[PDB]
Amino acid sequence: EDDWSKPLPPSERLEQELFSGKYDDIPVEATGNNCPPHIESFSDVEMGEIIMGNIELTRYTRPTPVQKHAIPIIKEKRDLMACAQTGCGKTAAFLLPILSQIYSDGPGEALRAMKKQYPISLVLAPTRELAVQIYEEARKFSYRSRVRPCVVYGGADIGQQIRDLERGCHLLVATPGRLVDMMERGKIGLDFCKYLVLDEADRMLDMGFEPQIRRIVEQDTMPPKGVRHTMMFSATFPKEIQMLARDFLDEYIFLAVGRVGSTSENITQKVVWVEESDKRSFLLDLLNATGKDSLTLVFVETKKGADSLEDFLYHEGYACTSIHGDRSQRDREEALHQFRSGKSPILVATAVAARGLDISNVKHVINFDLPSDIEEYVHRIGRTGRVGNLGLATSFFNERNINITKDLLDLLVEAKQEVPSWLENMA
């Protein structure tokens, strides 16, 4: 056999690519059954030489707020549910303890008795942006060790990632759509996946990734809850998340960084009454007031509506593309790149045709048409806003939306947003 706790020979050729290169502290509310209290320094918990050596190389000093509490929790083989939007070091909060256990316990007898890749740990992410950030920090801490990480994501060459996987992966970072695609090709097996991490689970649900995430976790060879160690990270906490955290976690601990609640902030919501005849006019005025290069996403409810609306905006001179299924994958994936960088800063789309597509973080979401469920509305307006700047979500309301009047109202009050006075007088 072999050993996975002794650092391998270094290579000065490799330090160059990895270590070439912030707030303070904020309140925590760690509610859990019999959880271990946090730590103050990395030297407190004996994580391992391969980790400690790599910690120095990136000039890591003190563990961040979430890293103080989450790190001792994970290495104690306890499921975690961390809800923290204004928390720095959310990604390294799980990488250090997970990799510390893999270096200690080893890969397990199943892998060493072998010579389709079976990764030990799996990290799910919503965006290609966040997937690579986790992957590049994984490389930073898997250096000088026998763990090789791999990343896959949608909207890229699948053949080059397959060639990357076959080179051997133990810690895989993936978006849910591309991971399911790898599994159907017999390239990835979750049989020996011990550590599961769902990073930014809220934004993963807003993009329509749940059927994949449940296909990955609940409908394959993924070891069951209790056998695997599962962590979750998210900013919001709707009914969708707590139900998901109930199915995916076994007797977990809840972490909180100050402001913790459903309906992410940094998103200003405006609701206006617009009859169907005036939606075109109202949208035009809404676009004439738009910033110079502010990216805008316009949801509609049908395929015919999305085509007719995109035709409207093009005949008015606005640079806009569309995605609505009736245009094949050659035009849809082209619309992303055209929208991801100027060119067509107005993307008309439907709720279904945007499922799992990494929209380039829009600045203004416009619900030209409204759905029939308040949970879909949370998904759609979740396409805007980040951990930093403030976003905008305008929604056109009329008599076709009495169904969601009460739910939209209470949602606005919970989000501390302005409430149209007539909306109260409709419930």
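When you see a residue number, it is the position in the sequence shown, counting from 1.
In this entry, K115 is separated from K116 by 4 to 9 residues of the deposited sequence that have no coordinates. The stretch of deposited sequence separating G21 from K22 contains 4 to 9 residues lacking coordinates in this entry. In this entry, 35 to 43 shows the higher mean Cα temperature factor of the pair 392 to 400 and 35 to 43. The stretch 12 to 20 shows the higher mean C-alpha B-factor when 410 to 418 is compared against 12 to 20 in the entry. For the set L370, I50, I366, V378, the maximum C-alpha B-factor listed in the entry falls on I50. Looking at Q161, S341, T268, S322, the one whose CA carries the top B-factor in the deposited record is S341. When the CA B factors of the chain's modelled residues are split into thirds, the value for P345 lands in the middle one. Per the PDB record, residue ranking by Cα B-factor puts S264 in the highest third of the chain. When the modelled residues of the chain are ordered by C-alpha B-factor, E310 sits in the middle third.
Remark: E276 belongs to the middle third of its chain, ranked by C-alpha B-factor as recorded. Per the PDB record, residue ranking by Cα B-factor puts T175 in the lowest third of the chain.
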